[PDB]
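Chemist: experimental coordinates for this protein are included below, preceded by the sequence.
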Amino acid sequence: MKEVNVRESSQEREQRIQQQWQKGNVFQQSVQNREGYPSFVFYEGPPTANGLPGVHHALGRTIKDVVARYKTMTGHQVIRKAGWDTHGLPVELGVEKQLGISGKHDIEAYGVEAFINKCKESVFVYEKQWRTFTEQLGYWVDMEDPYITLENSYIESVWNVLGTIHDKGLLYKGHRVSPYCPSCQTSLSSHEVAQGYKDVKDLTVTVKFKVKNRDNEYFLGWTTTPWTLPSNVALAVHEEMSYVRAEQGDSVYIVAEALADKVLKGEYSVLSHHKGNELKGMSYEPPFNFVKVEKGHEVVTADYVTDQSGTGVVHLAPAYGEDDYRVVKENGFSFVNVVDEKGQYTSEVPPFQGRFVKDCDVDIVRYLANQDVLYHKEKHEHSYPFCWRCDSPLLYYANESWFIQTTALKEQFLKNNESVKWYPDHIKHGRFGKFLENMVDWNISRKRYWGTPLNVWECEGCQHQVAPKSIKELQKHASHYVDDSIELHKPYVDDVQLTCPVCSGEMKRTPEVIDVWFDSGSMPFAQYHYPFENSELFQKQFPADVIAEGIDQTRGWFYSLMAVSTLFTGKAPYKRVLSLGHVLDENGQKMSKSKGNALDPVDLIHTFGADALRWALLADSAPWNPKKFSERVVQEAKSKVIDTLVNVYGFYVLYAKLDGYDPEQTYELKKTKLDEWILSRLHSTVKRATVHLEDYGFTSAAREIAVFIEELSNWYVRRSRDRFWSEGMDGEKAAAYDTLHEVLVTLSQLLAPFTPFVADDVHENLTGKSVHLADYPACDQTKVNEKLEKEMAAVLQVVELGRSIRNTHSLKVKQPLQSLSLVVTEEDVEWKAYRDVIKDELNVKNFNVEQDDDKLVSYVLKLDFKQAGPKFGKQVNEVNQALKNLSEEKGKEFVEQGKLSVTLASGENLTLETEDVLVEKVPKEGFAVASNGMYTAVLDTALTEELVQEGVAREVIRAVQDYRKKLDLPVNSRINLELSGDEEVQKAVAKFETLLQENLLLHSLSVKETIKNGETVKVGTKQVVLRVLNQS
Ligand SMILES: CC[C@H](C)[C@H](N)C(=O)NS(=O)(=O)NC[C@H]1O[C@@H](n2cnc3c(N)ncnc32)[C@H](O)[C@@H]1O
Ligand SMILES: [Zn+2]
Ligand SMILES: [Zn+2]
């Protein structure tokens, strides 16, 4: 073993260990050495390469590393291939800001290929930043040969999946009303929309719709989106609902019967009752006549019209509502659109042309009143969808898109999810399960440039569709030569046309790229270029035994994985999911926010070490709920856990070399009770940590280990230092080294998945082997002594009670005290075995165990004025004083009898009720008491001259021992000590001359009145001059 003497920072140690991993290929060998062992299949969720890693990203990568390392140590081969997510809006928008451009026109003017080259350069910069962060965090994952979603092989496997889906008829193009981002200028998927809801406050209005061929008759239409009014095509009523023609003032309004008293206030008279199918066909005048509807502006029947809200008459604009689109299409009404792709009004609405529709709400109200059509307005606080990337409000916009028909397999989705073990369990039928139950088809087409091209070619002649699964299939159908090096990106694939197999017409690729979530959801099949390569390796690496990512993936990777795999293969791609809560910064969620909530993880790793950061993330709180994180918790983890292990390890190394201990040599072992306790605590910790890890309880396993580390340092090592400091290699010293060597080897093995750097530093120095190539230690039940653990735990509580009393009464442990009395309610612990430990630790001359406190307490009596005040009238204070005058035995008799009589000064004797007297139990004179309820510790706090002088003698002994180290004197050299002090020190030294000689290797001791050129030292509140003249 090597030394720990030269001061090494945490960063220096981890850098040294990392280089040791590099030169030994330990990560690679920890996988190869498990060849033939059962597989544990793990998929890495690919971080988006669009920003710097933060501290919040260290939680997931720590948890993944713990599982992989732990599963490797318990006899599994865990292949770990890193991945980077490089396509889509999360990358495109960032690059646009770097270039100072925005929108599809700016990108096309910039040049599609030039813009894409900027995307490739940006993601490459972030991959290196992420890779450096991952390596220094100690998350072992293969970033030398990662899967990257922009690589041609990866995209080709995505094409094969999409083509196979298309073969099943589950990839279709359709004109549907979809969630749409006017800024990004593309439709969005259902899971993307579920990530961008915010509370808004807008206006829902009621508008008069004057009936045609009638006078003073106005329909009362209702809408939550006033900006859709210029595009009105129809009014919807429920055919079986009841409506009334009610006159109000000079006008007559048509409104639902059940809502009339709410819509019409002040004064109205109901004339006639009508059903919904009677009002069907009635025409009216639009609130805005800017646009013309060739077949529309009538009243139609829709079954979703509710009488609980609104007026029972609903304005329908087919281009901005799925229900509106359906009903208008059913009745053969004209489809009209007044909004461009940027969310702005077209020329068909002159007064607001070129304005965002959701910004015209205020002006729409004014135009309504000025045209004599407005009737009501009310506030609406509701959740509204916003773009999950650019935070723009979304619109529901009729648009032609490509869909994956996930609803066709919805039953298979739910079946696959039911086979998944979720952590926490509530995600399974909660956040994830509810999303599955409300499934709509997956809108995958994005009118963007950087992403996986949607591999569907349509014939210009007959609209026949061809979806090449591969470059070879693309080459086979192409009307021109397609080189083998064709890059599966825009615009390169846009220059490939195919000859139609039906009519020999020209087939052109649809221009869109696919949702970025499809890329990552395809990674089980695309990370190994399946089915083009690695068919056998893919089979051994599917499905995953676990994945672990943040809770946002329930609307992300968790869903896209499930959807791609179910559509492609029908099977669940994972057996188990760890859904991780998000890391917070004292409040908000860490992210690439404007505030930039996240801290620099590399700076923290540099300052406190990756081990400390990982331990804080694992032990401070569980990973399932939102986690407030602080640098302070990392600092505490470094000093309490990591530094503690290093010191104990360095303590073992220093004295093993000095004593020449060799674990390969055979010694005589006189193992003490403290050795048996810590060994029992070691294997009990091994058992309980393993049980937690088997159930993915990292927090509980870490906390169990931290308890053992505190016991190892504060109790076992601290109380065994003399055996390491002693001179001869006797049986008890050999037992100390043997015990501590086993503790360090096994504890480092226990800690390897948690704190891989410091664990390997201890293990490799002690054993010559990497801890990460080792087996996870097994519990040796024969070394578990439950009684010894129980008794020692009681001893620790008693010691803690004794320290509490000494601290309370300012009695430093260096000052011996006469006795400690322990009142145990029951004879449970064999206290005789631990008498020497308790007396040493608390510095008491006598330790006595009592069944009760009758000899250790007394009673004083008082009066409860709230109870007995009025009863005794004015003699109350005389009675209260009379109770306080009572003897000790009189007070004790009262608590037994429960009845007492006080004799006042006048000779009058008054009887005291039980509830009239307040009882106080006080410790005997000179004693002090602390109790937890199970154990009551009574400490004799009274000091005698002999106790004070012994304490002074102890301080003199310590002062001499410290001045001896300062002079660098040999350990074995009898000194001639000269000592000067006042009479109190002189008397104490004289009286305890034997004690001083037993603790100091003194050839002579001389008490001089004054000392030439002496060293003044502090002995309590006194100054003592010392001087050492080496014997000749
Ligand atoms: C599985 C990864 C997805 C396919 C996608 N590339 C993605 O979300 N990539 S990421 O880089 O933004 N996220 C990386 C991981 O970090 C989690 N995460 C993101 N934000 C936080 C946060 N504030 N606290 C804790 N964990 C968080 C993600 O869920 C993902 O596991
Ligand atoms: Zn957007
Ligand atoms: Zn054709």
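Modeler: Yep, that arrived. Numbers count the residues shown, from 1 in each chain. Ligands and ions are numbered 1, 2, ... in the order given.
Chemist: need the longest strand for the protein.
Modeler: If you go by DSSP state E, the chain has its longest strand at strand 197-210.
Chemist: and the next element down the chain from that one?
Modeler: Using DSSP states H and E, the helix or strand that directly follows strand 197-210 along the chain is strand 217-223.
Chemist: so after that next one, what's the next helix or strand?
Modeler: Following strand 217-223 toward the C-terminus (DSSP H and E): strand 234-237.
Chemist: what sits up against stretch 523-543?
Modeler: Residues outside stretch 523-543 that contact it (CB atoms under 8 Å, 6 or more residues apart in numbering): 39, 41, 43, 46, 79, 81, 83, 147, 149, 153-158, 160-161, 470, 519, 544, 561, 564-565, 568, 571-575. (C-beta placed from N, C-alpha, C; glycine too.)
Chemist: check the offset of that stretch from the chain's centre.
Modeler: 31 Å (CA atoms, centre = their mean, to the nearest Å).
Chemist: what residues sit buried inside that stretch?
Modeler: Neighbour counts using 16 or more other CB atoms under 10 Å place 523-530, 538, 541-543 of stretch 523-543 among the buried residues.
Chemist: out of the residues you listed, who's near ligand 2?
Modeler: With the criterion set as CB under 5 Å from the ion, no member of the buried residues of stretch 523-543 is near ligand 2.
Chemist: quick one: secondary structure of the most centrally placed residue in the chain?
Modeler: Central residue of the chain (CA atoms, centre = their mean): residue 623, 3.5 Å from the mean position. Assigned by DSSP: H, G, I helix; E, B strand; the rest coil, the conformation of residue 623 is coil.
Chemist: just checking, it touches residue 581?
Modeler: Yes. Residue 623 is in contact with residue 581 according to CB atoms under 8 Å; the separation is 6.0 Å.
Chemist: how distant is the helix or strand containing residue 559 from the center of its chain?
Modeler: Applying DSSP H and E as the criterion places residue 559 in helix 557-569. Chain-centre distance of helix 557-569: 25 Å, with CA atoms, centre = their mean.
Chemist: please shift the residue numbers so they start at 54 in all later answers.
Modeler: In the new numbering, first residue 54, that becomes helix 610-622.
Chemist: okay, that helix in PDB with CA atoms only?
Modeler: Output of helix 610-622 as PDB, limited to C-alpha atoms (Å, rounded to 0.1, in the frame of the first residue of the first chain):
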ATOM      1  CA  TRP A 610     -38.700   9.800 -23.700                       C
ATOM      2  CA  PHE A 611     -40.700   7.500 -21.500                       C
ATOM      3  CA  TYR A 612     -43.700   7.900 -23.900                       C
ATOM      4  CA  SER A 613     -41.700   8.000 -27.200                       C
ATOM      5  CA  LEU A 614     -39.800   4.900 -26.200                       C
ATOM      6  CA  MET A 615     -43.100   3.100 -25.500                       C
ATOM      7  CA  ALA A 616     -44.900   4.400 -28.600                       C
ATOM      8  CA  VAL A 617     -42.100   3.600 -31.100                       C
ATOM      9  CA  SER A 618     -41.500   0.100 -29.600                       C
ATOM     10  CA  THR A 619     -45.200  -0.700 -29.400                       C
ATOM     11  CA  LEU A 620     -45.800   0.500 -33.000                       C
ATOM     12  CA  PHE A 621     -42.700  -1.200 -34.400                       C
ATOM     13  CA  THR A 622     -42.600  -4.500 -32.400                       C
END
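Chemist: immediately after it, which helix or strand?
Modeler: Remark: after helix 610-622, the chain's next helix or strand is strand 629-633, criterion DSSP H and E.
Chemist: neighbouring strands - and their directions - for the helix or strand just after that following strand?
Modeler: Where DSSP H and E defines the elements, the next helix or strand beyond strand 629-633 is strand 636-638. Sheet pairing of strand 636-638 (DSSP bridges) gives strand 641-642 (antiparallel), strand 680-681 (parallel).
Chemist: and the helices in the stretch 454-603 of the chain, which stretches?
Modeler: 463-471, 479-482, 484-490, 524-530, 569-574, 576-579, 588-593 (DSSP state H, counting those that start in this stretch).
Chemist: dump those into a markdown table; add distance to ligand 3 as well.
Modeler: Shown next, in a markdown table, are these (distance: least, CB to the ion, whole Å):
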| stretch | distance to ligand 3 |
| --- | --- |
| helix 463-471 | 33 |
| helix 479-482 | 47 |
| helix 484-490 | 38 |
| helix 524-530 | 12 |
| helix 569-574 | 27 |
| helix 576-579 | 30 |
| helix 588-593 | 34 |
